[PDB]
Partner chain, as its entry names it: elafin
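What follows is one chain in structure tokens, specifically the form deposited without the partner chain.
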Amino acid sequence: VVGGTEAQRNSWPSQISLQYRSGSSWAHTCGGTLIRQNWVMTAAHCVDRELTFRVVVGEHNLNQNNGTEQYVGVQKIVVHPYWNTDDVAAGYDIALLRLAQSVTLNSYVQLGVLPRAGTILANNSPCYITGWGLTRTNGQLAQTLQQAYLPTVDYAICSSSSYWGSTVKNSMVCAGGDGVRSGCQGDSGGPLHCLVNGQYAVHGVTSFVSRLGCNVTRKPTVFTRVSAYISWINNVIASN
């Protein structure tokens, strides 16, 4: 997250770190949201690679023991059937991971609350992106979980020529684009939390930013719109 601030350690208890085995150690690769005790929602493009993955819940600092982490292997990966790795702009950038064990809930580990199906945020709605991604374009991952305030940019605007044009679809949410704050590599698959009727819900799964850099004016960060996939998510979980 570029232009972010350190999160309080109990602010976003549904945030997870998806990590992959790198030699004798593990490395953060993207984010995700805990949606059942044994299911995680992330971006399809995060699990394109044939790696060994684990999920870490209750994580705050990637490089220090927090005393709150639970580490659980990934048992099954279900990517959206329409996903196409070389066409991120076509959408369907979403995947569900079934965990090897069910995690225990506490003040650091809670299920993410999903929006009702079909819900679309009005222009300029207050949202936070969270994650451990790069803190500057071509920079390095954050140590501690970061959060940035990113107001939504509605489809009519985001799909105009000076923003994203045709690349953005109705199945996506855009947020930010002020040129100071944004998502960045390592944030993919992580949540966009939006305050609706007094309750934060996860409205987006971070999907892409501009190749021209993370925080670019009028290239808001693009998220998969979770409310477009409520039935898909239910169907996968019900059949696994």
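Positions refer to the first chain, counted from 1.
As for the form deposited with the partner chain bound, it is not shown, yet the points below apply to it.
Although the partner is absent from the chain shown here, none of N66, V103 and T144 has a heavy atom within 4.5 Å of the partner chain in the entry with it bound. Interface membership of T167, defined by any non-hydrogen atom within 4.5 Å of the partner chain in the entry with it bound, is confirmed. Though the partner is left out of this view, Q185 does reach within 4.5 Å of the partner chain in the entry with it bound, counting heavy atoms only. Shown alone here, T85 lies within 4.5 Å of the partner chain in the entry with it bound, counting heavy atoms only. Proximity of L212 to the partner chain in the entry with it bound falls within the 4.5 Å heavy atom cutoff. Note on contacts: among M41, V202, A175, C30, the single residue with a heavy atom within 4.5 Å of the partner chain in the entry with it bound is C30. Only one of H60, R181, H45, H193 lies close to the partner chain in the entry with it bound, with a heavy atom inside 4.5 Å, and it is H45.
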